[PDB]
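To keep things clear, I will list the structure first and then write my remarks on it.
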Amino acid sequence: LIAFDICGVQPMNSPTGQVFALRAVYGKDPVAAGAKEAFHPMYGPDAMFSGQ
Amino acid sequence: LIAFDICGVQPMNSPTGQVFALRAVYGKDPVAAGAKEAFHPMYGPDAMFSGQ
Amino acid sequence: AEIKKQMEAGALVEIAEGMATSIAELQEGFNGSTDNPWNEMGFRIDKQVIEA
Amino acid sequence: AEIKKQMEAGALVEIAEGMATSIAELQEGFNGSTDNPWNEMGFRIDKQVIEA
Amino acid sequence: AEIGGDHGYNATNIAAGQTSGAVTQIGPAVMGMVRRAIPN
Amino acid sequence: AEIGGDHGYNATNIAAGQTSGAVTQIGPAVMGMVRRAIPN
Amino acid sequence: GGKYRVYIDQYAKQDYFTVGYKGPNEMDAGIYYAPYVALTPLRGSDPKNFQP
Amino acid sequence: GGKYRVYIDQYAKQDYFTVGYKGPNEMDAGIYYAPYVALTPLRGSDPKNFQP
Amino acid sequence: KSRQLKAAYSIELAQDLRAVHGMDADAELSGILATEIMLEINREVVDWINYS
Amino acid sequence: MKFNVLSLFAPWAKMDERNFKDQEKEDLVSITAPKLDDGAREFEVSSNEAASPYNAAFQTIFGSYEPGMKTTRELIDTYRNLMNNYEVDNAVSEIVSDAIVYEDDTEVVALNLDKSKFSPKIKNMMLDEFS
């Protein structure tokens with residue numbers, strides 16, 4: 001078998017586990033449709049945001 | 001003033017904490033209306049339950 | 001109150017008793033699951049939360 | 001063949017999944033439930049004979 | 001502004017670590033557990 | 001009926017430690033938090 | 001007074017007391033309890049569903 | 001080429017490959033296999049026919 | 001005459017009770033049952049005395 | 001919840017914690033078979049790479065007190081039953097008599113610091129502790 005060579009495990013000491021993430025945001029509202037984010041593999045920086 | 005002489009503290013070094021408790025029960029269904037508490041201080045044992 | 005009156009009166013008083021011995025053979029042969037079961041005891045749970 | 005084409009199309013995806021505890025826990029009529037036997041497996045040994 | 005927000009005093013939401021603000025929480029810290037005594 | 005019971009797979013309930021059985025949970029074992037990479 | 005052993009009936013229904021005598025022997029008791037079998041544990045499982 | 005781990009899917013339905021990434025940090029893998037309980041054995045025998 | 005109680009407990013519950021709260025609680029169930037039997041006897045002795 | 005704080009034994013545990021940390025800090029690793037020959041009995045714990053939670057004590061509790069312990073219970077009781085039998089009692093009494101002796105105006109089993117040590121001051125203190 002290909003056991004777990006290609007996966008994470010994070011072995012359990014509970015029937016359930018949780019994972020938290022931080023998202024850098026911008027545009028004065030962290031929770032909104034259309035809110036923007038600073039770090040994302042497929043998106044450029046909003047140069048005109050801090051700019052003109 | 002009398003600060004906390006008769007009060008517990010449980011300091012909450014993290015806000016919004018939680019406390020647990022457990023009641024022992026009898027009547028084949030821990031989660032049911034009518035289930036009875038085995039050690040409730042105001043009531044005696046249901047001696048008939050295990051007897052005739 | 002009425003019950004207490006009858007108890008004081010000696011008309012109706014506290015009792016508890018074990019099961020007739022015929023069950024001794026029937027039950028050894030259960031020795032768990034059956035048509036004439038032993039009743040059940042266990043526990044449930046509780047928990048509370050407090051905002052700071 | 002048709003299924004394979006649909007699979008290439010992305011119409012149908014290979015999947016496997018486990019059981020809720022709430023289901024597995026009461027298999028084989030446990031705690032008053034029913035019609036829930038465990039899946040089971042065994043084996044069979046066949047025989048062959050030759051002529052010298 | 002980056003804010004904490006708060007809970008709705010919904011024990012469910014508190015238990016779940018969910019406030020109205022910028023960040024969610026892991027969950028409430030354990031303050032111990034209480035069981036009743038057994039009579040003598 | 002000492003039943004484990006389960007979650008409804010409702011993240012809210014999972015997070016809050018709420019199940020159909022005898023006991024409730026403290027919380028779902030936090031496994032850390034993800035940060036995004038900062039580009040070069 | 002150093003004379004009578006006083007106990008609390010936590011389940012008195014009204015308010016009463018009982019006074020009695022117990023001698024140094026087991027015959028001089030008034031009330032008897034010959035246990036013969038007591039608090040004997042049962043352990044196993046029901047393999048049909050294999051629950052404890 | 002010394003670049004990608006090579007694994008064979010012995011049950012591949014037709015003919016394909018999948019390429020992917022796992023980092024040095026277990027938390028970053030995409031797929032999270034987090035076992036809690038494994039291979040709990042059960043054993044006993046049927047009270048009515050004694051088959052194991 | 002006899003007196004007897006059933007525990008009727010599952011598996012996963014204990015696994016989680018231990019992982020989460022530090023208690024297997026099979027022992028606790030045992031405790032509760034045995035406790036209840038003794039409490040009941042205590043009352044039978046007292047109650048029979050008051051009766052008589 | 002019922003964390004194994006063992007506050008009444010914890011001050012001893014502190015010594016064990018330091019020794020344990022050295023087992024992790026030290027390079028006694030890269031050992032095919034699991035380093036042991038004779039001693040305490042191992043039980044599984046989560047164990048996956050760094051999975052060493054306090055629950056490890058509890059897993060050890062779960063998986064024990066039945067296997068091993070029942071055997072032990074039988075062996076000890078057997079040994080006592082043998083001990084109380086004729087000539088078993090003698091064989092042990094004589095073995096013990098020879099193994100542990102007392103005599104008028106003599107020493108008893110004692111620490112003998114006649115091989116090189118860091119200091120006679122320390123040796124004196126070791127003798128005091130031995131007593």
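Residues in the structure tokens are named by chain (A, B, ... in the order shown) and by number from 1 within that chain; ligands are numbered from 1 in the order shown.
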Contact set, chain D to chain C: 12 Å, only C-alpha atoms, as JSON, numbers by chain: {"D": [29, 30, 31, 32]}
Using N, CA, C and O atoms, can you export the residues from the last selection as a compact mmCIF listing (two decimals), in the first residue's frame?
```txt
# COMPACT_ATOMS: atom_id res chain seq x y z
N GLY D 29 -28.66 -4.70 16.10
CA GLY D 29 -29.74 -4.48 17.03
C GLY D 29 -29.34 -3.94 18.38
O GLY D 29 -30.02 -4.17 19.39
N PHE D 30 -28.23 -3.26 18.46
CA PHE D 30 -27.82 -2.80 19.75
C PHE D 30 -28.67 -1.67 20.26
O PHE D 30 -29.13 -0.82 19.50
N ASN D 31 -28.97 -1.72 21.54
CA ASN D 31 -29.72 -0.69 22.21
C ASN D 31 -31.06 -0.41 21.56
O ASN D 31 -31.47 0.74 21.41
N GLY D 32 -31.76 -1.46 21.18
CA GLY D 32 -33.09 -1.34 20.62
C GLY D 32 -33.17 -1.06 19.12
O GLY D 32 -34.28 -0.96 18.59
```
Once chain A is fitted onto chain B over all Cα atoms in order, please give the RMSD. 0.7 Å
Restrict the distance test to only C-alpha atoms, flag each residue of chain E within 10 Å of chain I, and return the flagged residues as a VMD selection string. chain E and resid 32 to 33 38 to 40
Write the residues you've just listed into a file as a compact mmCIF listing (two decimals), in the first residue's frame, and include N, CA and C atoms for each of them.
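Heads up, here's the output in selection_29.txt:
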```
# COMPACT_ATOMS: atom_id res chain seq x y z
N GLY E 32 -12.26 22.88 35.19
CA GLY E 32 -12.46 21.69 36.02
C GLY E 32 -13.82 21.06 35.79
N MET E 33 -14.12 20.03 36.59
CA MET E 33 -15.36 19.27 36.49
C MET E 33 -15.93 18.92 37.85
N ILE E 38 -20.75 10.70 47.19
CA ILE E 38 -21.52 9.51 47.48
C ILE E 38 -21.86 9.48 48.96
N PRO E 39 -23.13 9.29 49.34
CA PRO E 39 -23.59 9.27 50.71
C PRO E 39 -22.97 8.14 51.48
N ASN E 40 -22.85 8.37 52.77
CA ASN E 40 -22.27 7.47 53.73
C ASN E 40 -23.32 6.48 54.21
```
Output chain D, superimposed onto chain C using in-order Cα pairs, as a PDB file with N, CA and C atoms, in the first residue's frame:
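Once written, out.pdb looks like this:
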```pdb
ATOM      1  N   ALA D   1     -49.351  15.050  50.465  1.00  0.00           N
ATOM      2  CA  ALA D   1     -49.922  15.258  51.775  1.00  0.00           C
ATOM      3  C   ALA D   1     -50.785  14.107  52.216  1.00  0.00           C
ATOM      4  N   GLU D   2     -51.598  13.600  51.307  1.00  0.00           N
ATOM      5  CA  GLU D   2     -52.473  12.522  51.674  1.00  0.00           C
ATOM      6  C   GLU D   2     -51.695  11.278  51.970  1.00  0.00           C
ATOM      7  N   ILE D   3     -50.640  11.041  51.206  1.00  0.00           N
ATOM      8  CA  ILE D   3     -49.842   9.876  51.453  1.00  0.00           C
ATOM      9  C   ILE D   3     -49.196  10.012  52.807  1.00  0.00           C
ATOM     10  N   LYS D   4     -48.628  11.176  53.105  1.00  0.00           N
ATOM     11  CA  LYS D   4     -47.993  11.354  54.390  1.00  0.00           C
ATOM     12  C   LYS D   4     -48.956  11.102  55.530  1.00  0.00           C
ATOM     13  N   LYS D   5     -50.198  11.573  55.413  1.00  0.00           N
ATOM     14  CA  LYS D   5     -51.164  11.308  56.466  1.00  0.00           C
ATOM     15  C   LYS D   5     -51.413   9.821  56.619  1.00  0.00           C
ATOM     16  N   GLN D   6     -51.523   9.118  55.493  1.00  0.00           N
ATOM     17  CA  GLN D   6     -51.737   7.686  55.538  1.00  0.00           C
ATOM     18  C   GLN D   6     -50.544   6.990  56.158  1.00  0.00           C
ATOM     19  N   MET D   7     -49.356   7.505  55.894  1.00  0.00           N
ATOM     20  CA  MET D   7     -48.179   6.930  56.502  1.00  0.00           C
ATOM     21  C   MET D   7     -48.231   7.126  58.010  1.00  0.00           C
ATOM     22  N   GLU D   8     -48.606   8.320  58.477  1.00  0.00           N
ATOM     23  CA  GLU D   8     -48.666   8.524  59.920  1.00  0.00           C
ATOM     24  C   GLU D   8     -49.667   7.581  60.555  1.00  0.00           C
ATOM     25  N   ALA D   9     -50.759   7.355  59.841  1.00  0.00           N
ATOM     26  CA  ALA D   9     -51.833   6.474  60.240  1.00  0.00           C
ATOM     27  C   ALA D   9     -51.374   5.027  60.358  1.00  0.00           C
ATOM     28  N   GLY D  10     -50.226   4.697  59.767  1.00  0.00           N
ATOM     29  CA  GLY D  10     -49.702   3.354  59.763  1.00  0.00           C
ATOM     30  C   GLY D  10     -50.249   2.523  58.620  1.00  0.00           C
ATOM     31  N   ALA D  11     -50.962   3.170  57.694  1.00  0.00           N
ATOM     32  CA  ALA D  11     -51.570   2.524  56.537  1.00  0.00           C
ATOM     33  C   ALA D  11     -50.544   2.002  55.531  1.00  0.00           C
ATOM     34  N   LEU D  12     -49.474   2.777  55.384  1.00  0.00           N
ATOM     35  CA  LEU D  12     -48.410   2.565  54.423  1.00  0.00           C
ATOM     36  C   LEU D  12     -47.038   2.575  55.070  1.00  0.00           C
ATOM     37  N   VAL D  13     -46.261   1.522  54.863  1.00  0.00           N
ATOM     38  CA  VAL D  13     -44.955   1.464  55.516  1.00  0.00           C
ATOM     39  C   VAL D  13     -43.783   1.403  54.559  1.00  0.00           C
ATOM     40  N   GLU D  14     -42.782   2.220  54.827  1.00  0.00           N
ATOM     41  CA  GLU D  14     -41.596   2.235  53.993  1.00  0.00           C
ATOM     42  C   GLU D  14     -40.937   0.877  53.992  1.00  0.00           C
ATOM     43  N   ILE D  15     -40.629   0.410  52.803  1.00  0.00           N
ATOM     44  CA  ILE D  15     -40.052  -0.903  52.623  1.00  0.00           C
ATOM     45  C   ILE D  15     -39.062  -1.001  51.479  1.00  0.00           C
ATOM     46  N   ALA D  16     -38.122  -1.910  51.610  1.00  0.00           N
ATOM     47  CA  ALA D  16     -37.182  -2.222  50.558  1.00  0.00           C
ATOM     48  C   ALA D  16     -36.919  -3.693  50.683  1.00  0.00           C
ATOM     49  N   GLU D  17     -36.569  -4.334  49.586  1.00  0.00           N
ATOM     50  CA  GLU D  17     -36.315  -5.762  49.602  1.00  0.00           C
ATOM     51  C   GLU D  17     -35.405  -6.169  48.448  1.00  0.00           C
ATOM     52  N   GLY D  18     -34.671  -7.273  48.637  1.00  0.00           N
ATOM     53  CA  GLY D  18     -33.754  -7.826  47.640  1.00  0.00           C
ATOM     54  C   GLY D  18     -34.447  -8.825  46.739  1.00  0.00           C
ATOM     55  N   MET D  19     -33.671  -9.576  45.985  1.00  0.00           N
ATOM     56  CA  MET D  19     -34.220 -10.535  45.041  1.00  0.00           C
ATOM     57  C   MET D  19     -33.960 -11.981  45.386  1.00  0.00           C
ATOM     58  N   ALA D  20     -34.886 -12.837  45.007  1.00  0.00           N
ATOM     59  CA  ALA D  20     -34.627 -14.253  45.126  1.00  0.00           C
ATOM     60  C   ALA D  20     -33.511 -14.590  44.163  1.00  0.00           C
ATOM     61  N   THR D  21     -32.689 -15.573  44.508  1.00  0.00           N
ATOM     62  CA  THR D  21     -31.624 -16.020  43.627  1.00  0.00           C
ATOM     63  C   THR D  21     -32.275 -16.574  42.407  1.00  0.00           C
ATOM     64  N   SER D  22     -33.375 -17.269  42.618  1.00  0.00           N
ATOM     65  CA  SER D  22     -34.113 -17.875  41.516  1.00  0.00           C
ATOM     66  C   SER D  22     -34.556 -16.863  40.462  1.00  0.00           C
ATOM     67  N   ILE D  23     -34.542 -15.576  40.787  1.00  0.00           N
ATOM     68  CA  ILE D  23     -34.922 -14.580  39.836  1.00  0.00           C
ATOM     69  C   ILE D  23     -33.658 -13.956  39.274  1.00  0.00           C
ATOM     70  N   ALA D  24     -32.811 -13.446  40.163  1.00  0.00           N
ATOM     71  CA  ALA D  24     -31.602 -12.737  39.767  1.00  0.00           C
ATOM     72  C   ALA D  24     -30.665 -13.609  38.939  1.00  0.00           C
ATOM     73  N   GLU D  25     -30.605 -14.875  39.282  1.00  0.00           N
ATOM     74  CA  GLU D  25     -29.734 -15.817  38.638  1.00  0.00           C
ATOM     75  C   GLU D  25     -29.971 -15.928  37.154  1.00  0.00           C
ATOM     76  N   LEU D  26     -31.208 -15.777  36.681  1.00  0.00           N
ATOM     77  CA  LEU D  26     -31.419 -16.005  35.270  1.00  0.00           C
ATOM     78  C   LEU D  26     -31.700 -14.733  34.490  1.00  0.00           C
ATOM     79  N   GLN D  27     -31.220 -13.601  34.992  1.00  0.00           N
ATOM     80  CA  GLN D  27     -31.461 -12.341  34.300  1.00  0.00           C
ATOM     81  C   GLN D  27     -30.842 -12.344  32.915  1.00  0.00           C
ATOM     82  N   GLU D  28     -31.347 -11.467  32.064  1.00  0.00           N
ATOM     83  CA  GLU D  28     -30.873 -11.295  30.701  1.00  0.00           C
ATOM     84  C   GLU D  28     -30.898 -12.575  29.868  1.00  0.00           C
ATOM     85  N   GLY D  29     -31.999 -13.318  30.004  1.00  0.00           N
ATOM     86  CA  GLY D  29     -32.269 -14.511  29.220  1.00  0.00           C
ATOM     87  C   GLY D  29     -31.392 -15.701  29.525  1.00  0.00           C
ATOM     88  N   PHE D  30     -30.857 -15.775  30.715  1.00  0.00           N
ATOM     89  CA  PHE D  30     -29.979 -16.873  30.980  1.00  0.00           C
ATOM     90  C   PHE D  30     -30.716 -18.176  31.104  1.00  0.00           C
ATOM     91  N   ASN D  31     -30.121 -19.212  30.554  1.00  0.00           N
ATOM     92  CA  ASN D  31     -30.649 -20.554  30.634  1.00  0.00           C
ATOM     93  C   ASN D  31     -32.073 -20.668  30.129  1.00  0.00           C
ATOM     94  N   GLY D  32     -32.353 -20.014  29.020  1.00  0.00           N
ATOM     95  CA  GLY D  32     -33.653 -20.103  28.383  1.00  0.00           C
ATOM     96  C   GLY D  32     -34.727 -19.165  28.907  1.00  0.00           C
ATOM     97  N   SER D  33     -34.429 -18.337  29.894  1.00  0.00           N
ATOM     98  CA  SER D  33     -35.478 -17.458  30.362  1.00  0.00           C
ATOM     99  C   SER D  33     -35.521 -16.226  29.504  1.00  0.00           C
ATOM    100  N   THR D  34     -36.328 -15.255  29.901  1.00  0.00           N
ATOM    101  CA  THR D  34     -36.466 -14.033  29.114  1.00  0.00           C
ATOM    102  C   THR D  34     -37.140 -12.880  29.815  1.00  0.00           C
ATOM    103  N   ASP D  35     -37.190 -11.749  29.107  1.00  0.00           N
ATOM    104  CA  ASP D  35     -37.861 -10.526  29.544  1.00  0.00           C
ATOM    105  C   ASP D  35     -37.459 -10.143  30.949  1.00  0.00           C
ATOM    106  N   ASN D  36     -36.185 -10.289  31.230  1.00  0.00           N
ATOM    107  CA  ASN D  36     -35.647 -10.045  32.537  1.00  0.00           C
ATOM    108  C   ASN D  36     -34.319  -9.312  32.554  1.00  0.00           C
ATOM    109  N   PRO D  37     -34.210  -8.130  31.966  1.00  0.00           N
ATOM    110  CA  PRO D  37     -32.985  -7.382  31.864  1.00  0.00           C
ATOM    111  C   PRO D  37     -32.537  -6.904  33.218  1.00  0.00           C
ATOM    112  N   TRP D  38     -31.243  -6.679  33.386  1.00  0.00           N
ATOM    113  CA  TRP D  38     -30.773  -6.113  34.644  1.00  0.00           C
ATOM    114  C   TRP D  38     -31.125  -4.654  34.719  1.00  0.00           C
ATOM    115  N   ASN D  39     -31.406  -4.175  35.913  1.00  0.00           N
ATOM    116  CA  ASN D  39     -31.498  -2.745  36.057  1.00  0.00           C
ATOM    117  C   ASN D  39     -30.089  -2.222  35.926  1.00  0.00           C
ATOM    118  N   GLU D  40     -29.968  -1.043  35.358  1.00  0.00           N
ATOM    119  CA  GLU D  40     -28.662  -0.478  35.138  1.00  0.00           C
ATOM    120  C   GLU D  40     -28.585   1.022  35.298  1.00  0.00           C
ATOM    121  N   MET D  41     -27.366   1.478  35.556  1.00  0.00           N
ATOM    122  CA  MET D  41     -27.122   2.895  35.725  1.00  0.00           C
ATOM    123  C   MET D  41     -25.772   3.371  35.176  1.00  0.00           C
ATOM    124  N   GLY D  42     -25.689   4.674  34.904  1.00  0.00           N
ATOM    125  CA  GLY D  42     -24.494   5.340  34.397  1.00  0.00           C
ATOM    126  C   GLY D  42     -24.430   6.775  34.908  1.00  0.00           C
ATOM    127  N   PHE D  43     -24.028   7.699  34.055  1.00  0.00           N
ATOM    128  CA  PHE D  43     -23.908   9.084  34.476  1.00  0.00           C
ATOM    129  C   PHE D  43     -23.923  10.018  33.297  1.00  0.00           C
ATOM    130  N   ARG D  44     -24.064  11.316  33.588  1.00  0.00           N
ATOM    131  CA  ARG D  44     -24.080  12.373  32.540  1.00  0.00           C
ATOM    132  C   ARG D  44     -23.378  13.621  33.087  1.00  0.00           C
ATOM    133  N   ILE D  45     -22.489  14.232  32.294  1.00  0.00           N
ATOM    134  CA  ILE D  45     -21.778  15.409  32.744  1.00  0.00           C
ATOM    135  C   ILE D  45     -22.265  16.588  31.960  1.00  0.00           C
ATOM    136  N   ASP D  46     -22.714  17.608  32.658  1.00  0.00           N
ATOM    137  CA  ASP D  46     -23.234  18.768  31.969  1.00  0.00           C
ATOM    138  C   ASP D  46     -22.175  19.847  31.875  1.00  0.00           C
ATOM    139  N   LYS D  47     -22.503  20.964  31.212  1.00  0.00           N
ATOM    140  CA  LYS D  47     -21.531  22.056  31.136  1.00  0.00           C
ATOM    141  C   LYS D  47     -22.134  23.452  31.334  1.00  0.00           C
ATOM    142  N   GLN D  48     -21.340  24.351  31.917  1.00  0.00           N
ATOM    143  CA  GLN D  48     -21.745  25.742  32.028  1.00  0.00           C
ATOM    144  C   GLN D  48     -20.634  26.682  31.587  1.00  0.00           C
ATOM    145  N   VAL D  49     -21.023  27.777  30.955  1.00  0.00           N
ATOM    146  CA  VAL D  49     -20.040  28.775  30.498  1.00  0.00           C
ATOM    147  C   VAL D  49     -20.350  30.202  30.936  1.00  0.00           C
ATOM    148  N   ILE D  50     -19.320  30.961  31.282  1.00  0.00           N
ATOM    149  CA  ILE D  50     -19.504  32.340  31.717  1.00  0.00           C
ATOM    150  C   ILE D  50     -18.825  33.335  30.812  1.00  0.00           C
ATOM    151  N   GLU D  51     -19.005  34.603  31.139  1.00  0.00           N
ATOM    152  CA  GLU D  51     -18.408  35.710  30.430  1.00  0.00           C
ATOM    153  C   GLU D  51     -17.545  36.511  31.381  1.00  0.00           C
ATOM    154  N   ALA D  52     -16.303  36.801  31.016  1.00  0.00           N
ATOM    155  CA  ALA D  52     -15.438  37.530  31.945  1.00  0.00           C
ATOM    156  C   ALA D  52     -15.698  39.020  31.908  1.00  0.00           C
TER     157      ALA D  52
END
```
Nearest to residue 18 (chain B): which of E:29, E:34, E:2, E:13 is it, counting only C-alpha atoms?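 Ranking E:29, E:34, E:2, E:13 by distance to residue 18 (chain B), first place goes to E:29.
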Give as a list in words every residue of chain F that touches chain G within 12 Å, counting only C-alpha atoms.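 Going by the stated atoms only, the list reads residues 1, 2, 3 and 4 of chain F.
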List every residue of chain B that DSSP, applied to the backbone of this structure, places in helix (DSSP H, G or I), and write the result as a ChimeraX atom specification. /B:47-50
Set out as a Markdown table a contact list for chain G and chain H with a cut-off of 9 Å, giving each residue of chain G that qualifies its closest atom pair and distance in Å to one decimal, counting only C-alpha atoms, ordered by chain and rising residue number.
```
| residue | atom | partner | partner_atom | distance |
| --- | --- | --- | --- | --- |
| G:45 | CA | H:44 | CA | 7.9 |
| G:46 | CA | H:44 | CA | 8.0 |
| G:47 | CA | H:44 | CA | 5.6 |
| G:48 | CA | H:46 | CA | 7.1 |
| G:50 | CA | H:42 | CA | 7.0 |
```
Go ahead and write the selection's residues with C-alpha atoms as a PDB file, in the first residue's frame.
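selection.pdb written:
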```pdb
ATOM      1  CA  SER G  45     -19.810  -8.760  26.075  1.00  0.00           C
ATOM      2  CA  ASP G  46     -22.606  -9.753  23.750  1.00  0.00           C
ATOM      3  CA  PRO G  47     -20.695 -10.928  20.609  1.00  0.00           C
ATOM      4  CA  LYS G  48     -23.698 -10.537  18.431  1.00  0.00           C
ATOM      5  CA  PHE G  50     -19.979  -7.165  20.646  1.00  0.00           C
TER       6      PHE G  50
END
```
Any chance you could tabulate, as a tab-separated table, the residues of chain I at most 10 Å from chain G with each one's nearest atom pair and distance in Å to one decimal, using only C-alpha atoms, in chain and rising number order?
```
residue	atom	partner	partner_atom	distance
I:1	CA	G:35	CA	9.8
I:2	CA	G:37	CA	8.9
I:3	CA	G:38	CA	8.9
I:4	CA	G:39	CA	8.6
I:5	CA	G:41	CA	9.7
I:6	CA	G:42	CA	9.0
I:7	CA	G:52	CA	8.6
I:8	CA	G:52	CA	7.0
I:9	CA	G:52	CA	5.9
I:10	CA	G:51	CA	5.6
I:11	CA	G:51	CA	6.7
I:26	CA	G:52	CA	9.5
I:30	CA	G:41	CA	8.2
I:33	CA	G:39	CA	9.1
I:34	CA	G:39	CA	6.2
I:35	CA	G:39	CA	9.3
I:37	CA	G:39	CA	7.5
I:38	CA	G:39	CA	8.3
I:41	CA	G:33	CA	9.3
I:43	CA	G:11	CA	9.2
I:44	CA	G:33	CA	9.8
I:45	CA	G:31	CA	7.8
I:46	CA	G:9	CA	8.5
I:48	CA	G:31	CA	8.3
I:49	CA	G:31	CA	7.3
I:50	CA	G:18	CA	7.2
I:52	CA	G:31	CA	9.4
```
Taking only C-alpha atoms into account, find every residue of chain A that has an atom no more than 9 Å from chain F, and write it out as a list in words.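 Per the criterion, chain A yields residues 10, 12, 13, 14, 15, 16, 17, 18, 19, 20, 21, 22, 23, 24, 39, 40 and 41 of chain A.
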Put those residues in a file: C-alpha atoms, as a compact mmCIF listing (two decimals), in the first residue's frame.
```
# COMPACT_ATOMS: atom_id res chain seq x y z
CA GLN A 10 -1.56 14.83 12.65
CA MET A 12 -5.57 12.13 16.93
CA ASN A 13 -5.98 12.23 20.64
CA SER A 14 -9.61 13.14 20.15
CA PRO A 15 -12.68 11.98 18.21
CA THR A 16 -12.37 15.37 16.53
CA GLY A 17 -9.78 17.98 15.56
CA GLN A 18 -9.70 21.52 14.23
CA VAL A 19 -7.46 23.67 12.11
CA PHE A 20 -7.35 27.47 12.23
CA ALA A 21 -6.06 29.81 9.54
CA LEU A 22 -5.18 33.44 9.36
CA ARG A 23 -6.06 35.52 6.41
CA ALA A 24 -4.60 38.92 5.83
CA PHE A 39 -1.60 36.86 0.34
CA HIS A 40 -2.84 34.49 -2.26
CA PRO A 41 -0.86 32.34 -4.75
```
When DSSP is applied to the backbone of this structure, which of chain A are assigned strand (DSSP E or B)? Write them out as a PyMOL selection string. chain A and resi 8+18-21+25-26+36-37
Wanna dump the chain J-chain A contacts at 9 Å for me, each residue with its shortest atom pair and the distance in Å to one decimal, counting only C-alpha atoms, ordered by chain and number, as CSV?
```
residue,atom,partner,partner_atom,distance
J:46,CA,A:13,CA,7.5
J:47,CA,A:11,CA,8.9
J:48,CA,A:11,CA,6.7
J:51,CA,A:11,CA,7.2
J:53,CA,A:13,CA,8.0
J:55,CA,A:13,CA,7.8
```
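Of the listed residues (G:1, G:25, G:10, G:49), G:49 comes nearest to chain D; the distances count only C-alpha atoms.
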Within 8 Å of chain I: residues of chain J, using only C-alpha atoms, as a PDB file with N, CA, C and O atoms, in the first residue's frame:
```
ATOM      1  N   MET J   1      -9.217  16.313  31.596  1.00  0.00           N
ATOM      2  CA  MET J   1      -9.931  16.813  32.763  1.00  0.00           C
ATOM      3  C   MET J   1      -9.234  16.348  34.021  1.00  0.00           C
ATOM      4  O   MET J   1      -8.587  17.139  34.718  1.00  0.00           O
ATOM      5  N   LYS J   2      -9.314  15.045  34.315  1.00  0.00           N
ATOM      6  CA  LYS J   2      -8.643  14.523  35.500  1.00  0.00           C
ATOM      7  C   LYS J   2      -7.194  14.278  35.135  1.00  0.00           C
ATOM      8  O   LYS J   2      -6.721  13.147  35.034  1.00  0.00           O
ATOM      9  N   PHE J   3      -6.506  15.375  34.913  1.00  0.00           N
ATOM     10  CA  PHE J   3      -5.133  15.388  34.494  1.00  0.00           C
ATOM     11  C   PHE J   3      -4.287  14.721  35.543  1.00  0.00           C
ATOM     12  O   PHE J   3      -4.452  14.955  36.744  1.00  0.00           O
ATOM     13  N   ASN J  55      -2.215  11.518  27.943  1.00  0.00           N
ATOM     14  CA  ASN J  55      -3.098  10.411  27.692  1.00  0.00           C
ATOM     15  C   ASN J  55      -2.341   9.120  27.489  1.00  0.00           C
ATOM     16  O   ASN J  55      -2.956   8.060  27.467  1.00  0.00           O
ATOM     17  N   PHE J  58      -2.700   7.231  30.377  1.00  0.00           N
ATOM     18  CA  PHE J  58      -4.034   6.673  30.395  1.00  0.00           C
ATOM     19  C   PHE J  58      -4.185   5.502  29.428  1.00  0.00           C
ATOM     20  O   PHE J  58      -4.930   4.563  29.721  1.00  0.00           O
ATOM     21  N   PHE J  62      -5.303   1.811  30.391  1.00  0.00           N
ATOM     22  CA  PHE J  62      -6.308   1.085  29.636  1.00  0.00           C
ATOM     23  C   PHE J  62      -5.865  -0.305  29.222  1.00  0.00           C
ATOM     24  O   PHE J  62      -6.596  -1.282  29.397  1.00  0.00           O
TER      25      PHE J  62
END
```
Select all residues from chain B having any atom no more than 12 Å from an atom of chain G (counting only C-alpha atoms, ignoring ligands), output as number ranges by chain. B: 41-45
